[PDB]
$ cat start.pdb   # PDB, C-alpha atoms (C1' of nucleotides)
ATOM      1  CA  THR B  60       0.000   0.000   0.000  1.00  0.00           C
ATOM      2  CA  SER B  61       2.676   2.488   1.035  1.00  0.00           C
ATOM      3  CA  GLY B  62       4.899   1.752  -1.957  1.00  0.00           C
ATOM      4  CA  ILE B  63       7.970   3.003  -0.056  1.00  0.00           C
ATOM      5  CA  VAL B  64      10.455   0.594   1.537  1.00  0.00           C
ATOM      6  CA  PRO B  65      12.481   1.833   4.539  1.00  0.00           C
ATOM      7  CA  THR B  66      16.242   1.887   4.040  1.00  0.00           C
ATOM      8  CA  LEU B  67      18.582   0.297   6.565  1.00  0.00           C
ATOM      9  CA  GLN B  68      21.150   2.641   8.103  1.00  0.00           C
ATOM     10  CA  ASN B  69      23.013   0.631  10.760  1.00  0.00           C
ATOM     11  CA  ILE B  70      23.504  -3.009  11.745  1.00  0.00           C
ATOM     12  CA  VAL B  71      25.001  -3.948  15.125  1.00  0.00           C
ATOM     13  CA  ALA B  72      26.411  -7.475  14.839  1.00  0.00           C
ATOM     14  CA  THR B  73      28.320  -9.434  17.481  1.00  0.00           C
ATOM     15  CA  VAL B  74      30.972 -12.076  16.793  1.00  0.00           C
ATOM     16  CA  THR B  75      33.097 -14.358  18.958  1.00  0.00           C
ATOM     17  CA  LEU B  76      36.527 -15.888  18.383  1.00  0.00           C
ATOM     18  CA  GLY B  77      36.853 -18.336  21.282  1.00  0.00           C
ATOM     19  CA  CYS B  78      40.302 -17.094  22.310  1.00  0.00           C
ATOM     20  CA  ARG B  79      41.831 -14.505  24.627  1.00  0.00           C
ATOM     21  CA  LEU B  80      43.477 -11.488  22.995  1.00  0.00           C
ATOM     22  CA  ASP B  81      46.145  -9.049  24.184  1.00  0.00           C
ATOM     23  CA  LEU B  82      44.596  -5.668  23.439  1.00  0.00           C
ATOM     24  CA  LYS B  83      47.870  -3.735  23.642  1.00  0.00           C
ATOM     25  CA  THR B  84      49.424  -6.023  21.025  1.00  0.00           C
ATOM     26  CA  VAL B  85      46.436  -5.506  18.721  1.00  0.00           C
ATOM     27  CA  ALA B  86      46.533  -1.732  19.189  1.00  0.00           C
ATOM     28  CA  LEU B  87      50.253  -1.474  18.387  1.00  0.00           C
ATOM     29  CA  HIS B  88      50.265  -3.810  15.358  1.00  0.00           C
ATOM     30  CA  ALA B  89      46.892  -2.877  13.816  1.00  0.00           C
ATOM     31  CA  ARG B  90      46.575  -0.139  11.211  1.00  0.00           C
ATOM     32  CA  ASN B  91      43.781   1.978  12.741  1.00  0.00           C
ATOM     33  CA  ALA B  92      43.420   1.006  16.405  1.00  0.00           C
ATOM     34  CA  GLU B  93      42.535   3.187  19.397  1.00  0.00           C
ATOM     35  CA  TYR B  94      43.011   1.430  22.752  1.00  0.00           C
ATOM     36  CA  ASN B  95      42.388   3.623  25.813  1.00  0.00           C
ATOM     37  CA  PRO B  96      41.678   1.307  28.780  1.00  0.00           C
ATOM     38  CA  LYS B  97      40.941   4.225  31.128  1.00  0.00           C
ATOM     39  CA  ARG B  98      37.616   4.982  29.406  1.00  0.00           C
ATOM     40  CA  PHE B  99      36.556   1.686  27.800  1.00  0.00           C
ATOM     41  CA  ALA B 100      37.748  -1.921  28.018  1.00  0.00           C
ATOM     42  CA  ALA B 101      38.156  -2.604  24.289  1.00  0.00           C
ATOM     43  CA  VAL B 102      40.285  -1.558  21.319  1.00  0.00           C
ATOM     44  CA  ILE B 103      38.308   0.455  18.771  1.00  0.00           C
ATOM     45  CA  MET B 104      39.290  -0.321  15.178  1.00  0.00           C
ATOM     46  CA  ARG B 105      37.916   0.851  11.831  1.00  0.00           C
ATOM     47  CA  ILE B 106      38.204  -0.260   8.212  1.00  0.00           C
ATOM     48  CA  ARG B 107      37.379   1.717   5.091  1.00  0.00           C
ATOM     49  CA  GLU B 108      36.047  -0.670   2.451  1.00  0.00           C
ATOM     50  CA  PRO B 109      32.756  -1.507   4.236  1.00  0.00           C
ATOM     51  CA  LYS B 110      33.129   1.518   6.559  1.00  0.00           C
ATOM     52  CA  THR B 111      32.409  -0.271   9.852  1.00  0.00           C
ATOM     53  CA  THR B 112      33.657   0.030  13.426  1.00  0.00           C
ATOM     54  CA  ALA B 113      34.583  -2.864  15.705  1.00  0.00           C
ATOM     55  CA  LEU B 114      34.880  -3.032  19.490  1.00  0.00           C
ATOM     56  CA  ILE B 115      37.317  -5.897  20.116  1.00  0.00           C
ATOM     57  CA  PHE B 116      37.379  -6.973  23.761  1.00  0.00           C
ATOM     58  CA  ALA B 117      40.054  -8.868  25.680  1.00  0.00           C
ATOM     59  CA  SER B 118      37.801 -11.960  25.886  1.00  0.00           C
ATOM     60  CA  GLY B 119      37.773 -12.545  22.122  1.00  0.00           C
ATOM     61  CA  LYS B 120      34.343 -10.937  21.674  1.00  0.00           C
ATOM     62  CA  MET B 121      33.783  -8.504  18.803  1.00  0.00           C
ATOM     63  CA  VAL B 122      30.998  -5.965  18.232  1.00  0.00           C
ATOM     64  CA  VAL B 123      30.842  -4.825  14.602  1.00  0.00           C
ATOM     65  CA  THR B 124      28.639  -1.844  13.777  1.00  0.00           C
ATOM     66  CA  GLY B 125      27.971   0.615  10.965  1.00  0.00           C
ATOM     67  CA  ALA B 126      27.284  -1.813   8.110  1.00  0.00           C
ATOM     68  CA  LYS B 127      24.409  -0.896   5.793  1.00  0.00           C
ATOM     69  CA  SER B 128      23.635  -4.497   4.776  1.00  0.00           C
ATOM     70  CA  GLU B 129      23.326  -7.860   6.492  1.00  0.00           C
ATOM     71  CA  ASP B 130      26.037  -9.335   4.251  1.00  0.00           C
ATOM     72  CA  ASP B 131      28.311  -6.278   4.418  1.00  0.00           C
ATOM     73  CA  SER B 132      28.514  -6.762   8.185  1.00  0.00           C
ATOM     74  CA  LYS B 133      29.685 -10.332   7.577  1.00  0.00           C
ATOM     75  CA  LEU B 134      32.431  -9.108   5.240  1.00  0.00           C
ATOM     76  CA  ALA B 135      33.521  -6.477   7.765  1.00  0.00           C
ATOM     77  CA  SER B 136      33.531  -8.936  10.669  1.00  0.00           C
ATOM     78  CA  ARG B 137      35.445 -11.498   8.606  1.00  0.00           C
ATOM     79  CA  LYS B 138      38.091  -8.921   7.680  1.00  0.00           C
ATOM     80  CA  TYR B 139      38.448  -7.852  11.317  1.00  0.00           C
ATOM     81  CA  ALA B 140      38.984 -11.486  12.312  1.00  0.00           C
ATOM     82  CA  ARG B 141      41.498 -11.915   9.486  1.00  0.00           C
ATOM     83  CA  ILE B 142      43.412  -8.847  10.688  1.00  0.00           C
ATOM     84  CA  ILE B 143      43.543 -10.394  14.162  1.00  0.00           C
ATOM     85  CA  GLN B 144      44.734 -13.624  12.534  1.00  0.00           C
ATOM     86  CA  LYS B 145      47.515 -11.872  10.611  1.00  0.00           C
ATOM     87  CA  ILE B 146      48.720 -10.486  13.932  1.00  0.00           C
ATOM     88  CA  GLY B 147      49.229 -14.063  15.153  1.00  0.00           C
ATOM     89  CA  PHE B 148      46.454 -14.525  17.695  1.00  0.00           C
ATOM     90  CA  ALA B 149      44.309 -17.650  17.526  1.00  0.00           C
ATOM     91  CA  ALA B 150      41.206 -16.162  15.887  1.00  0.00           C
ATOM     92  CA  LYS B 151      38.488 -18.146  14.110  1.00  0.00           C
ATOM     93  CA  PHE B 152      35.252 -16.818  12.647  1.00  0.00           C
ATOM     94  CA  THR B 153      32.403 -18.158  14.757  1.00  0.00           C
ATOM     95  CA  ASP B 154      28.756 -17.497  15.742  1.00  0.00           C
ATOM     96  CA  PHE B 155      27.624 -14.308  13.966  1.00  0.00           C
ATOM     97  CA  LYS B 156      24.302 -12.863  15.151  1.00  0.00           C
ATOM     98  CA  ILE B 157      22.802  -9.508  14.166  1.00  0.00           C
ATOM     99  CA  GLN B 158      21.671  -7.942  17.442  1.00  0.00           C
ATOM    100  CA  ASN B 159      20.088  -4.749  16.077  1.00  0.00           C
ATOM    101  CA  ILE B 160      19.046  -3.142  12.787  1.00  0.00           C
ATOM    102  CA  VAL B 161      18.221   0.550  12.313  1.00  0.00           C
ATOM    103  CA  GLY B 162      16.182   1.797   9.371  1.00  0.00           C
ATOM    104  CA  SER B 163      14.901   5.190   8.299  1.00  0.00           C
ATOM    105  CA  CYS B 164      12.255   6.465   5.896  1.00  0.00           C
ATOM    106  CA  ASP B 165       9.772   9.276   5.285  1.00  0.00           C
ATOM    107  CA  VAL B 166       6.029   9.103   4.636  1.00  0.00           C
ATOM    108  CA  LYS B 167       6.258  12.405   2.709  1.00  0.00           C
ATOM    109  CA  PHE B 168       3.665  14.358   4.695  1.00  0.00           C
ATOM    110  CA  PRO B 169       3.455  16.059   8.118  1.00  0.00           C
ATOM    111  CA  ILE B 170       2.072  14.033  11.017  1.00  0.00           C
ATOM    112  CA  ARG B 171       0.105  15.463  13.952  1.00  0.00           C
ATOM    113  CA  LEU B 172       2.104  14.036  16.851  1.00  0.00           C
ATOM    114  CA  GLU B 173      -0.432  15.216  19.441  1.00  0.00           C
ATOM    115  CA  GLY B 174      -2.876  12.785  17.838  1.00  0.00           C
ATOM    116  CA  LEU B 175      -0.911   9.539  18.078  1.00  0.00           C
ATOM    117  CA  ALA B 176       0.056  10.594  21.605  1.00  0.00           C
ATOM    118  CA  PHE B 177      -3.668  10.774  22.450  1.00  0.00           C
ATOM    119  CA  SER B 178      -5.297   8.053  20.335  1.00  0.00           C
ATOM    120  CA  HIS B 179      -2.453   5.589  20.990  1.00  0.00           C
ATOM    121  CA  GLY B 180      -1.536   6.285  24.604  1.00  0.00           C
ATOM    122  CA  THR B 181      -0.532   2.764  25.625  1.00  0.00           C
ATOM    123  CA  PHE B 182       2.350   2.694  23.102  1.00  0.00           C
ATOM    124  CA  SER B 183       3.251   6.300  22.276  1.00  0.00           C
ATOM    125  CA  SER B 184       5.120   8.641  24.617  1.00  0.00           C
ATOM    126  CA  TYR B 185       5.196  12.298  23.524  1.00  0.00           C
ATOM    127  CA  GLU B 186       7.209  14.678  25.731  1.00  0.00           C
ATOM    128  CA  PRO B 187       8.217  17.362  23.214  1.00  0.00           C
ATOM    129  CA  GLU B 188      10.355  19.543  25.528  1.00  0.00           C
ATOM    130  CA  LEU B 189      12.843  16.665  25.888  1.00  0.00           C
ATOM    131  CA  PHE B 190      12.943  15.121  22.397  1.00  0.00           C
ATOM    132  CA  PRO B 191      11.132  16.584  19.356  1.00  0.00           C
ATOM    133  CA  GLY B 192      10.024  13.112  18.267  1.00  0.00           C
ATOM    134  CA  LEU B 193       7.232  10.827  19.390  1.00  0.00           C
ATOM    135  CA  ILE B 194       8.310   7.368  20.563  1.00  0.00           C
ATOM    136  CA  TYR B 195       6.063   4.499  19.432  1.00  0.00           C
ATOM    137  CA  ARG B 196       6.809   1.123  21.045  1.00  0.00           C
ATOM    138  CA  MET B 197       5.183  -1.401  18.729  1.00  0.00           C
ATOM    139  CA  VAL B 198       4.290  -4.678  20.431  1.00  0.00           C
ATOM    140  CA  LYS B 199       4.445  -7.073  17.453  1.00  0.00           C
ATOM    141  CA  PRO B 200       7.097  -7.076  16.126  1.00  0.00           C
ATOM    142  CA  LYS B 201       8.761  -5.554  19.198  1.00  0.00           C
ATOM    143  CA  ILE B 202      10.236  -2.465  17.524  1.00  0.00           C
ATOM    144  CA  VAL B 203      10.567   1.170  18.590  1.00  0.00           C
ATOM    145  CA  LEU B 204       9.617   3.918  16.139  1.00  0.00           C
ATOM    146  CA  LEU B 205      10.610   7.578  16.379  1.00  0.00           C
ATOM    147  CA  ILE B 206       7.900   9.637  14.666  1.00  0.00           C
ATOM    148  CA  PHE B 207       8.647  13.267  13.808  1.00  0.00           C
ATOM    149  CA  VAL B 208       6.487  16.185  12.704  1.00  0.00           C
ATOM    150  CA  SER B 209       8.327  16.439   9.374  1.00  0.00           C
ATOM    151  CA  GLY B 210       7.003  12.990   8.477  1.00  0.00           C
ATOM    152  CA  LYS B 211      10.249  11.070   9.050  1.00  0.00           C
ATOM    153  CA  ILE B 212      10.194   7.656  10.742  1.00  0.00           C
ATOM    154  CA  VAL B 213      13.141   5.879  12.378  1.00  0.00           C
ATOM    155  CA  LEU B 214      12.884   2.123  12.958  1.00  0.00           C
ATOM    156  CA  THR B 215      15.189   0.485  15.500  1.00  0.00           C
ATOM    157  CA  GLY B 216      15.153  -2.797  17.418  1.00  0.00           C
ATOM    158  CA  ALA B 217      14.586  -5.296  14.606  1.00  0.00           C
ATOM    159  CA  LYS B 218      16.828  -8.363  14.563  1.00  0.00           C
ATOM    160  CA  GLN B 219      16.059  -9.295  10.937  1.00  0.00           C
ATOM    161  CA  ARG B 220      15.178  -7.288   7.842  1.00  0.00           C
ATOM    162  CA  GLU B 221      11.629  -8.690   7.824  1.00  0.00           C
ATOM    163  CA  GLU B 222      10.495  -7.189  11.134  1.00  0.00           C
ATOM    164  CA  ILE B 223      11.555  -3.660  10.173  1.00  0.00           C
ATOM    165  CA  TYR B 224       9.427  -3.894   7.014  1.00  0.00           C
ATOM    166  CA  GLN B 225       6.544  -5.488   8.920  1.00  0.00           C
ATOM    167  CA  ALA B 226       6.544  -2.687  11.498  1.00  0.00           C
ATOM    168  CA  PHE B 227       6.379   0.063   8.872  1.00  0.00           C
ATOM    169  CA  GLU B 228       3.574  -1.634   6.941  1.00  0.00           C
ATOM    170  CA  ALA B 229       1.645  -1.808  10.230  1.00  0.00           C
ATOM    171  CA  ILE B 230       2.337   1.835  11.164  1.00  0.00           C
ATOM    172  CA  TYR B 231       1.537   3.528   7.833  1.00  0.00           C
ATOM    173  CA  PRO B 232      -2.279   3.460   8.274  1.00  0.00           C
ATOM    174  CA  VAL B 233      -2.282   5.032  11.746  1.00  0.00           C
ATOM    175  CA  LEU B 234       0.243   7.605  10.504  1.00  0.00           C
ATOM    176  CA  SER B 235      -1.880   8.564   7.486  1.00  0.00           C
ATOM    177  CA  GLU B 236      -4.980   8.914   9.675  1.00  0.00           C
ATOM    178  CA  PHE B 237      -3.255  11.811  11.479  1.00  0.00           C
ATOM    179  CA  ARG B 238      -2.084  13.901   8.516  1.00  0.00           C
ATOM    180  CA  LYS B 239      -2.139  17.618   9.303  1.00  0.00           C
ATOM    181  CA  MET B 240      -4.303  19.763   7.030  1.00  0.00           C
TER     182      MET B 240
ATOM    183  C1'  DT H   1      26.611  -2.271 171.479  1.00  0.00           C
ATOM    184  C1'  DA H   2      30.479  -1.521 167.410  1.00  0.00           C
ATOM    185  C1'  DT H   3      33.002  -2.388 163.414  1.00  0.00           C
ATOM    186  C1'  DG H   4      33.862  -5.534 158.806  1.00  0.00           C
ATOM    187  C1'  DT H   5      31.982  -7.778 155.294  1.00  0.00           C
ATOM    188  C1'  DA H   6      28.242  -9.342 152.421  1.00  0.00           C
ATOM    189  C1'  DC H   7      23.953  -9.050 149.979  1.00  0.00           C
ATOM    190  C1'  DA H   8      19.575  -6.982 147.798  1.00  0.00           C
ATOM    191  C1'  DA H   9      17.153  -3.158 145.990  1.00  0.00           C
ATOM    192  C1'  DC H  10      16.091   1.277 143.920  1.00  0.00           C
ATOM    193  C1'  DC H  11      27.906   2.758  84.242  1.00  0.00           C
ATOM    194  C1'  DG H  12      25.200   2.305  80.280  1.00  0.00           C
ATOM    195  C1'  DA H  13      24.128   3.347  75.688  1.00  0.00           C
ATOM    196  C1'  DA H  14      24.038   6.429  71.078  1.00  0.00           C
ATOM    197  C1'  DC H  15      26.588   7.398  67.296  1.00  0.00           C
ATOM    198  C1'  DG H  16      30.377   6.588  63.900  1.00  0.00           C
ATOM    199  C1'  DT H  17      33.411   3.903  61.207  1.00  0.00           C
ATOM    200  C1'  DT H  18      34.901  -0.188  58.833  1.00  0.00           C
ATOM    201  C1'  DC H  19      33.916  -4.838  56.693  1.00  0.00           C
ATOM    202  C1'  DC H  20      31.075  -8.602  53.348  1.00  0.00           C
ATOM    203  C1'  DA H  21      27.408  -9.448  49.974  1.00  0.00           C
ATOM    204  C1'  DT H  22      24.244  -8.539  46.087  1.00  0.00           C
ATOM    205  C1'  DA H  23      22.602  -5.802  42.378  1.00  0.00           C
ATOM    206  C1'  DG H  24      22.631  -1.845  39.342  1.00  0.00           C
ATOM    207  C1'  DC H  25      24.535   2.317  36.876  1.00  0.00           C
ATOM    208  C1'  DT H  26      28.373   4.296  33.848  1.00  0.00           C
ATOM    209  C1'  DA H  27      31.126   4.566  29.826  1.00  0.00           C
ATOM    210  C1'  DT H  28      31.859   3.466  24.330  1.00  0.00           C
ATOM    211  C1'  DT H  29      30.184   2.611  18.939  1.00  0.00           C
ATOM    212  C1'  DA H  30      27.146   3.045  15.081  1.00  0.00           C
ATOM    213  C1'  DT H  31      22.873   5.262  12.634  1.00  0.00           C
ATOM    214  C1'  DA H  32      18.790   7.758  11.136  1.00  0.00           C
ATOM    215  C1'  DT H  33      15.903  11.835  13.079  1.00  0.00           C
ATOM    216  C1'  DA H  34      15.301  17.045  15.154  1.00  0.00           C
ATOM    217  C1'  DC H  35      15.326  20.553  18.714  1.00  0.00           C
ATOM    218  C1'  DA H  36      17.804  23.745  21.991  1.00  0.00           C
ATOM    219  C1'  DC H  37      22.107  25.509  23.854  1.00  0.00           C
ATOM    220  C1'  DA H  38      26.879  26.801  24.140  1.00  0.00           C
ATOM    221  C1'  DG H  39      30.565  27.876  21.843  1.00  0.00           C
ATOM    222  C1'  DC H  40      33.955  29.861  17.768  1.00  0.00           C
ATOM    223  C1'  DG H  41      34.993  32.572  13.683  1.00  0.00           C
ATOM    224  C1'  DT H  42      34.202  36.457  10.105  1.00  0.00           C
ATOM    225  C1'  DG H  43      32.189  40.738   8.298  1.00  0.00           C
ATOM    226  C1'  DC H  44      30.305  45.555   9.850  1.00  0.00           C
ATOM    227  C1'  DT H  45      30.391  49.680  12.050  1.00  0.00           C
TER     228       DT H  45
END
$ encode --input "start.pdb" --output "structure tokens"
Amino acid sequence: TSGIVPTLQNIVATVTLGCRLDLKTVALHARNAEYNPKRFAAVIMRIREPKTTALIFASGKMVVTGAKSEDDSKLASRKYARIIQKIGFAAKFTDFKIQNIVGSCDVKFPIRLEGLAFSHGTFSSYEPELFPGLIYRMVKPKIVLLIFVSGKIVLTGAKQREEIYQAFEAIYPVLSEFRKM
DNA sequence: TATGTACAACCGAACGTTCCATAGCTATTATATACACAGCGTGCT
């Protein structure tokens, strides 16, 4: 009905290697590594070809983020593991689970936020002197939507690409019902 | 009769400080979105 498909903007994927790393060694022998143990307990590393960031912890756990596609995250995570391998550490690609997907879109018309905040009060929270966007907590699929007056919708919380589409197709009608003017 | 001698009667407890045990908050990364606020820098007068 809508005819517009939301576009994914970020994918937070987590990977494990099953081995203990020495963060200082990784920071000193990796191209772009930023290890500051005083603030955080991981070495932050970036690569350019998929443009993703990785938080590599001392327990062999990795948190890749920034990929725009489900497969691109796999390529980024694989390259990060390979870089760790080329250092010499025992690193093997292992369980890869996408823990969060963020998508954005626009319905192309203003939305009366005061309406959703009133009609849908059990899901929507509208406190406009803190954040200019209404927060809709959909119950099935369990996804959080940020609805803005300019007609822009942000989808976050989906674990697969299907739920983020399902949420938008279920939110378009109630959004159109509250079109200003 | 007189004098001796004898006998009978008339400290607690309130508050403060240190020591285990469990759970929860804090910080960091990425991204779309948008508002308000606090800066910095450049032209104008």
$ interface_residues --input "start.pdb" --of "chain H" --to "chain B" --cutoff "10 Å" --atoms "all atoms listed in the file" --output "number ranges by chain"
H: 27-36
$ resolve_selection --input "start.pdb" --expression "the PyMOL selection byres ((chain B and resi 140-153) around 12)" --output "PDB file with C-alpha atoms, keeping the file's coordinate frame"
ATOM      1  CA  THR B  73      28.320  -9.434  17.481  1.00  0.00           C
ATOM      2  CA  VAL B  74      30.972 -12.076  16.793  1.00  0.00           C
ATOM      3  CA  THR B  75      33.097 -14.358  18.958  1.00  0.00           C
ATOM      4  CA  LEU B  76      36.527 -15.888  18.383  1.00  0.00           C
ATOM      5  CA  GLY B  77      36.853 -18.336  21.282  1.00  0.00           C
ATOM      6  CA  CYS B  78      40.302 -17.094  22.310  1.00  0.00           C
ATOM      7  CA  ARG B  79      41.831 -14.505  24.627  1.00  0.00           C
ATOM      8  CA  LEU B  80      43.477 -11.488  22.995  1.00  0.00           C
ATOM      9  CA  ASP B  81      46.145  -9.049  24.184  1.00  0.00           C
ATOM     10  CA  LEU B  82      44.596  -5.668  23.439  1.00  0.00           C
ATOM     11  CA  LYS B  83      47.870  -3.735  23.642  1.00  0.00           C
ATOM     12  CA  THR B  84      49.424  -6.023  21.025  1.00  0.00           C
ATOM     13  CA  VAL B  85      46.436  -5.506  18.721  1.00  0.00           C
ATOM     14  CA  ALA B  86      46.533  -1.732  19.189  1.00  0.00           C
ATOM     15  CA  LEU B  87      50.253  -1.474  18.387  1.00  0.00           C
ATOM     16  CA  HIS B  88      50.265  -3.810  15.358  1.00  0.00           C
ATOM     17  CA  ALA B  89      46.892  -2.877  13.816  1.00  0.00           C
ATOM     18  CA  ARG B  90      46.575  -0.139  11.211  1.00  0.00           C
ATOM     19  CA  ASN B  91      43.781   1.978  12.741  1.00  0.00           C
ATOM     20  CA  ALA B  92      43.420   1.006  16.405  1.00  0.00           C
ATOM     21  CA  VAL B 102      40.285  -1.558  21.319  1.00  0.00           C
ATOM     22  CA  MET B 104      39.290  -0.321  15.178  1.00  0.00           C
ATOM     23  CA  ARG B 105      37.916   0.851  11.831  1.00  0.00           C
ATOM     24  CA  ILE B 106      38.204  -0.260   8.212  1.00  0.00           C
ATOM     25  CA  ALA B 113      34.583  -2.864  15.705  1.00  0.00           C
ATOM     26  CA  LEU B 114      34.880  -3.032  19.490  1.00  0.00           C
ATOM     27  CA  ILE B 115      37.317  -5.897  20.116  1.00  0.00           C
ATOM     28  CA  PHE B 116      37.379  -6.973  23.761  1.00  0.00           C
ATOM     29  CA  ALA B 117      40.054  -8.868  25.680  1.00  0.00           C
ATOM     30  CA  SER B 118      37.801 -11.960  25.886  1.00  0.00           C
ATOM     31  CA  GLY B 119      37.773 -12.545  22.122  1.00  0.00           C
ATOM     32  CA  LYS B 120      34.343 -10.937  21.674  1.00  0.00           C
ATOM     33  CA  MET B 121      33.783  -8.504  18.803  1.00  0.00           C
ATOM     34  CA  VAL B 122      30.998  -5.965  18.232  1.00  0.00           C
ATOM     35  CA  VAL B 123      30.842  -4.825  14.602  1.00  0.00           C
ATOM     36  CA  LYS B 133      29.685 -10.332   7.577  1.00  0.00           C
ATOM     37  CA  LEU B 134      32.431  -9.108   5.240  1.00  0.00           C
ATOM     38  CA  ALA B 135      33.521  -6.477   7.765  1.00  0.00           C
ATOM     39  CA  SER B 136      33.531  -8.936  10.669  1.00  0.00           C
ATOM     40  CA  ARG B 137      35.445 -11.498   8.606  1.00  0.00           C
ATOM     41  CA  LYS B 138      38.091  -8.921   7.680  1.00  0.00           C
ATOM     42  CA  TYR B 139      38.448  -7.852  11.317  1.00  0.00           C
ATOM     43  CA  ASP B 154      28.756 -17.497  15.742  1.00  0.00           C
ATOM     44  CA  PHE B 155      27.624 -14.308  13.966  1.00  0.00           C
ATOM     45  CA  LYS B 156      24.302 -12.863  15.151  1.00  0.00           C
TER      46      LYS B 156
END
$ atom_distance --input "start.pdb" --atom1 "atom CA of residue 109 of chain B" --atom2 "atom CA of residue 94 of chain B"
21.4 Å
$ atom_distance --input "start.pdb" --atom1 "atom CA of residue 235 of chain B" --atom2 "atom CA of residue 200 of chain B"
20.0 Å
$ atom_distance --input "start.pdb" --atom1 "atom CA of residue 168 of chain B" --atom2 "atom CA of residue 238 of chain B"
6.9 Å
$ residues_around --input "start.pdb" --residues "residue 237 of chain B" --least-positions-apart "4" --cutoff "7 Å" --atoms "only C-alpha atoms (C1' of nucleotides)" --output "list in words"
residues 170, 171, 174 and 233 of chain B
$ closest_residue --input "start.pdb" --among "B:65, B:93, B:175, B:129" --to "residue 236 of chain B" --atoms "all atoms listed in the file"
B:175
$ axis_aligned_box --input "start.pdb" --around "segment 87-106 of chain B" --padding-each-side "6 Å" --output "lines of an AutoDock Vina configuration file"
center_x = 43.4
center_y = 0.6
center_z = 19.7
size_x = 25.7
size_y = 20.8
size_z = 34.9
$ residues_around --input "start.pdb" --residues "residue 64 of chain B" --least-positions-apart "4" --cutoff "12 Å" --atoms "all atoms listed in the file" --output "PyMOL selection string"
chain B and resi 60+162-166+212+214+220-221+223-228+231
$ resolve_selection --input "start.pdb" --expression "the PyMOL selection byres ((chain B and resi 194) around 6)" --output "list in words"
residues 183, 184, 193, 195, 204 and 205 of chain B
$ write_last_selection --input "start.pdb" --atoms "C-alpha atoms" --output "compact mmCIF listing (two decimals), keeping the file's coordinate frame"
# COMPACT_ATOMS: atom_id res chain seq x y z
CA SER B 183 3.25 6.30 22.28
CA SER B 184 5.12 8.64 24.62
CA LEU B 193 7.23 10.83 19.39
CA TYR B 195 6.06 4.50 19.43
CA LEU B 204 9.62 3.92 16.14
CA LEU B 205 10.61 7.58 16.38
